[PDB]
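Position 1 is the first residue of the sequence, and the numbers go up from there. Atoms within a ligand are numbered from 1 in the order they appear, just like the ligands themselves.
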Amino acid sequence: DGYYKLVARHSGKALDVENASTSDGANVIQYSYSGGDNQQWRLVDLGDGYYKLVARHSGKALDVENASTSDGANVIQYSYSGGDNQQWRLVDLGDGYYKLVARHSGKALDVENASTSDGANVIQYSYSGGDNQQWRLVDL
Ligand code: NA
């Protein structure tokens with residue numbers, strides 16, 4: 001495809017733009033994989049190990065809301081403008097999983113509280129090896 005699904009290790013559920021909204025600011029969540037275009041991501045190499053992740057349905061990018069550097073800052077989709085809060089380091093963890101670390105904050109893509117529920121919020125948080133902070137990049 002050129003596209004990937006990103007599946008959280010703990011839940012087996014996919015990185016998802018909520019309700020397939022194409023809007024700037026639409027929330028990014030975890031949700032059971034259905035093959036929806038809002039659950040498919042283009043991994044675009046920016047060099048130096050950084051990538052932008054672009055949702056297939058909207059062409060908008062994985063974005064840490066307002067470039068907050070806090071543990072727990074929200075992850076959303078937003079039109080790409082080259083912000084460091086829209087660039088992600090894809091780090092191979094050694095066992096088939098990755099962490100994705102936001103360039104501006106050094107914080108990892110994280111399913112809040114390791115919830116396995118559909119609709120659990122995706123945020124950033126310091127990496128501490130939780131399975132809710134590890135992602136399988138599955139080639140579509
Ligand atoms: Na989110």
Side-chain angles (χ1 to χ4, degrees), residues 1-41 43-140:
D1 246 281
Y3 290 90
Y4 289 84
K5 67 167 187 168
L6 282 76
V7 178
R9 182 172 183 174
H10 74 307
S11 66
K13 299 184 179 183
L15 193 68
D16 177 302
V17 180
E18 185 171 42
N19 296 325
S21 175
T22 70
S23 296
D24 286 329
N27 198 27
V28 170
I29 58 176
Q30 130 186 299
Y31 208 93
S32 292
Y33 192 72
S34 68
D37 287 351
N38 61 306
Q39 305 183 309
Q40 303 183 34
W41 299 86
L43 261 62
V44 180
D45 192 352
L46 299 177
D48 291 328
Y50 289 100
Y51 293 78
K52 63 170 181 177
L53 280 80
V54 182
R56 189 170 196 172
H57 74 300
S58 67
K60 293 188 174 54
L62 192 67
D63 176 304
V64 178
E65 186 178 343
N66 298 329
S68 175
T69 53
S70 65
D71 278 338
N74 197 32
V75 174
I76 57 176
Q77 95 181 336
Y78 213 95
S79 296
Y80 190 71
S81 60
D84 284 353
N85 61 311
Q86 309 185 298
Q87 300 180 33
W88 297 87
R89 200 169 89 253
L90 272 54
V91 187
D92 185 352
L93 298 168
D95 46 13
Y97 293 95
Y98 291 80
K99 60 179 175 183
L100 286 74
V101 182
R103 183 170 186 161
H104 75 305
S105 67
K107 309 285 190 177
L109 197 65
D110 180 305
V111 181
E112 179 177 20
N113 297 340
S115 172
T116 56
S117 298
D118 281 339
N121 198 27
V122 170
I123 55 176
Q124 72 177 7
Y125 206 106
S126 292
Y127 188 77
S128 57
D131 285 8
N132 59 306
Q133 308 187 298
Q134 301 182 44
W135 299 86
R136 197 164 76 251
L137 270 46
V138 183
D139 190 330
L140 302 176

- Message: Checking the side chain of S23 only, and the main-chain atoms of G25 only, is there a donor and an acceptor separated by less than 3.5 Å?
- Response: no
- Hey, is there an N, O or S on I76 sitting under 3.0 Å from the Na ion (ligand 1)? no
- Message: Please tell me whether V64 and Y127 are part of a single hydrophobic cluster in this structure, the criterion being side-chain heavy atoms less than 4.5 Å apart.
- Response: no
- Task: Would you give the angle at the Na ion (ligand 1) between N121 atom OD1 and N74 atom OD1, to the nearest 10°?
- Result: 90°
- Side chain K60, main chain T22, donor-acceptor under 3.5 Å: yes
- Angle subtended at the Na ion (ligand 1) by O of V122 and O of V75, to 10 degrees? 100°
- What pairs with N19 under side-chain hydrogen bond (donor to acceptor under 3.5 Å, both in side chains), at least two apart in sequence or on another chain? none
